[PDB]
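Remarks on the structure that follows.
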Amino acid sequence: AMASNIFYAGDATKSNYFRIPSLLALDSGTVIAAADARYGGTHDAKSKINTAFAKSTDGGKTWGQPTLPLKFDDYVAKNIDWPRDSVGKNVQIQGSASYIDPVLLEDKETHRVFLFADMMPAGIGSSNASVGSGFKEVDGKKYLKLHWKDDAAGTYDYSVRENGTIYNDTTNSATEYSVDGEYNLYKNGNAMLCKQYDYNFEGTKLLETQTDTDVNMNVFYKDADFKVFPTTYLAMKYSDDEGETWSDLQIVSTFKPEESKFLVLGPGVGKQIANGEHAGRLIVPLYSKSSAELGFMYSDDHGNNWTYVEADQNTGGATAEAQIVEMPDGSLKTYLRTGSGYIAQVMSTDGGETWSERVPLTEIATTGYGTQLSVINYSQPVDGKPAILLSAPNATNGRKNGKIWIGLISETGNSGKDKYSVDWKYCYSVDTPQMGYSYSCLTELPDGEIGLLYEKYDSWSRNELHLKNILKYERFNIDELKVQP
Ligand SMILES: CC(=O)N[C@H]1[C@H]2O[C@@](C(=O)O)(C[C@@H]1O)O[C@@H]2[C@H](O)CO
């Protein structure tokens with residue numbers, strides 16, 4: 001029993017733990033949020049994680065019951081206390097599928113909300129993903145590949161075609177199997193079933209055990225008769241009613257480079273270009289262990305099709321989580337985490353198709369492993385200039401000393417990528433410098449206030465794992481944030 005929160009232990013998600021905030025004010029004034037619902041403590045995948053979603057209809061002041069738009073059912077969703085001793089803390093659920101690391105984006109022209117998450121097959125996370133796309137080509141077309149249970153481990157002789165029908169690719173003929181819009185498996189039109197797993201500890205032993213509860217068998221599960229290639233996928237659903245209902249699951253990572261180990265989202269929000277030649281383009285940040293590290297996916301047709309862009313030729317596989325802001329002419333500036341001990345910035349003057357080399361951002365102190373950041377546009381001038389805001393920790397030694405910065409944009413007299421300069425004029429301290437501060441997401445609320453949803457602890461530290469109710473929500477008026485310390 002415990003003593004502000006959107007997601008919390010005992011809410012409708014049935015998770016005791018959350019990480020990875022996303023916060024987005026919609027054009028209508030509705031405000032939405034999403035996070036990982038991390039059931040098996042605060043571990044990254046491999047684990048049991050669902051994506052939670054919540055909505056405010058009073059301008060982001062109060063919040064409704066969360067829902068779970070992206071969820072798997074192979075393992076039960078329940079409230080469990082994860083152990084925090086020196087042995088048990090390291091224990092992770094081994095055999096569950098998961099959705100991890102959300103991105104929210106609105107297309108303001110169509111009023112469609114998109115929710116993206118990484119989609120991890122059972123027992124997979126980024127660190128143990130196999131190299132490959134997960135797709136094969138049958139006569140020039142890309143289809144999701146499948147492994148049948150009685151074939152050799154390395155053999156994916158089956159494909160999900162545009163039908164939903166599973167085909168044998170050696171004979172090119174349709175099987176009796178198919179998937180529905182959630183990638184659940186059917187034979188002869190009958191739902192195929194498997195037993196759901198529970199998870200319970202005995203001392204520091206984690207027991208993952210079948211129950212008697214039947215669930216839909218899914219190609220992402222450990223127990224399935226057909227199974228996907230064990231790499232990372234990008235999932236998306238869209239909503240035309242501000243998150244009351246969602247579309248079928250879309251696997252959008254058809255473009256995943258064959259040489260990549262993982263290709264995942266930079267969590268937070270995406271961006272729709274407001275100004276210039278590429279107004280209307282939807283763009284979402286990504287990163288990879290591949291030919292490239294930073295990347296993006298964009299759509300010019302309101303979300304139906306997505307093009308992958310590599311932003312560099314970095315083979316590091318660092319956690320290059322990025323967020324994007326727009327300059328007054330429509331050019332883009334992306335701020336990113338790196339594995340080099342600074343936040344980097346890259347620019348694009350062609351709507352995100354090409355990007356400048358990284359420039360360190362000197363104003364902010366970070367660790368060698370880095371932390372996600374949040375950057376947003378602000379709709380009103382500050383000190384007569386277009387303004388952006390940035391939220392991140394400010395410390396070389398841990399994730400702590402959270403700040404909200406305000407950056408004012410000027411023309412430099414130069415051209416191209418050098419057209420604009422940002423003066424980080426204002427720096428507001430969220431709390432005492434010692435207080436933990438990890439991932440965060442900013443949004444501009446419909447009254448011009450700034451909302452912040454953030455991890456109020458150090459989510460890297462091996463000594464702060466599995467803390468409950470650390471995702472805190474605060475609201476500020478802009479005058480409060482205008483502090484020059
Ligand atoms: C897909 C995935 O695993 N994303 C993770 C990664 O970023 C975080 C992090 O806190 O830094 C949390 C994210 O949910 O931890 C991971 C890091 O790569 C090494 O721990």
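In this analysis, Cβ positions are derived from the backbone assuming ideal geometry, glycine residues included, and neighbour counts consider all displayed protein chains. The values are calculated or read from the model by the stated rules, or taken from the named source; no laboratory read-out is quoted.
Annotations for the structure displayed:
- Matching residues, the stretch 26-85, being in a strand (DSSP E or B), within 16 Å of the ligand (Cβ to nearest atom) and either not small (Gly, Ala, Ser) or not assigned by CATH to the domain that holds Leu453 (or both): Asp36, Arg38, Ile49, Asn50, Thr51, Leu70
- For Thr443, the criteria (1) under 18 Å from the mean Cα position of the chain (by Cα); (2) within 16 Å of the ligand (Cβ to nearest atom) hold in every case but one, which is (2).
- Annotation: of all residues in the stretch 62-102 being buried (at least 17 other Cβ atoms within 10 Å of the Cβ) and β-branched (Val, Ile, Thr), the one that is nearest to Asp118 (Cα to Cα) is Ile100.
- Tally, over the stretch 349-394, of residues that are within 16 Å of the ligand (Cβ to nearest atom), outside any strand (DSSP E or B) and in contact with a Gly (Cβ under 9 Å, 6 or more places away or on another chain): 8
- Counting only residues that are over 15 Å from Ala54 (Cα atoms) and not in a loop (DSSP other than H, G, I, E, B), the stretch 92-105 holds 4 of them.
- In the stretch 261-274, the residue that is surrounded by the most Cβ atoms within 10 Å (Cβ to Cβ) out of those that are of a type outside the set (A, V, I, L, M) and either within 13 Å of the ligand (Cβ to nearest atom) or assigned by CATH to the domain that holds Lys145 (or both) is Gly268.
- Considering residues of the stretch 339-348 that are assigned to a loop (DSSP other than H, G, I, E, B) and small (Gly, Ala, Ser) only, the residue nearest to the ligand (Cβ to nearest atom): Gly339
- For the stretch 225-250, taking the residues that are within 14 Å of the chain's Cα centre (by Cα) and not hydroxyl-bearing (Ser, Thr, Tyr), the one that is nearest to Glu293 (Cα to Cα) is identified as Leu234.
- Checking each residue in the stretch 152-167 for being under 15 Å from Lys136 (Cα atoms) and loosely packed, with under 15 Cβ neighbours inside 10 Å picks out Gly154, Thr155, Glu162.
- For the stretch 406-428, the condition of being within 16 Å of the ligand (Cβ to nearest atom), of a type outside the set (S, T, N, Q) and in contact with a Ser or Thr (Cβ under 6 Å, 6 or more places away or on another chain) holds for none of the residues.
- Among the residues of the stretch 106-130, those identified as away from the ligand (no atom under 12 Å from the Cβ), more than 18 Å from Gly280 (Cβ to Cβ) and in a loop (DSSP other than H, G, I, E, B) are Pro121, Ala122, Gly123, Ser130.
- Extreme residue, farthest from the ligand (Cβ to nearest atom), among residues of the stretch 290-336 that are within 12 Å of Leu265 (Cα to Cα) and assigned to a loop (DSSP other than H, G, I, E, B): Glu293
- The residues in the stretch 406-421 that are of a type in the set (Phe, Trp, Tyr) and crowded, with 22+ Cβ neighbours inside 10 Å can be counted, and the count is 0.
- Qualifying positions in the stretch 464-485 - within 24 Å of the chain's Cα centre (by Cα) and assigned to a loop (DSSP other than H, G, I, E, B): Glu464, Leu465, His466, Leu467, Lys468, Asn469, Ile470
- Taken together, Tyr233, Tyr221 contain a single residue that is away from the ligand (no atom under 16 Å from the Cβ), within 30 Å of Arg161 (Cα to Cα) and buried (at least 24 other Cβ atoms within 10 Å of the Cβ), which is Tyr221.
- So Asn184, is it crowded, with 17+ Cβ neighbours inside 10 Å and either over 29 Å from the mean Cα position of the chain (by Cα) or polar (S, T, N, Q) (or both): yes
- Residue among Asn397, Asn305, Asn377 that is under 30 Å from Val483 (Cα atoms), polar (S, T, N, Q), in contact with a strand residue (DSSP E or B) (Cβ under 9 Å, 6 or more places away or on another chain) and surrounded by fewer than 24 Cβ atoms within 10 Å (Cβ to Cβ): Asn377
- Looking across the stretch 434-463, the residues that are surrounded by fewer than 19 Cβ atoms within 10 Å (Cβ to Cβ) and under 30 Å from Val87 (Cα atoms) come down to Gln434, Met435, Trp460, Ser461, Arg462, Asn463.
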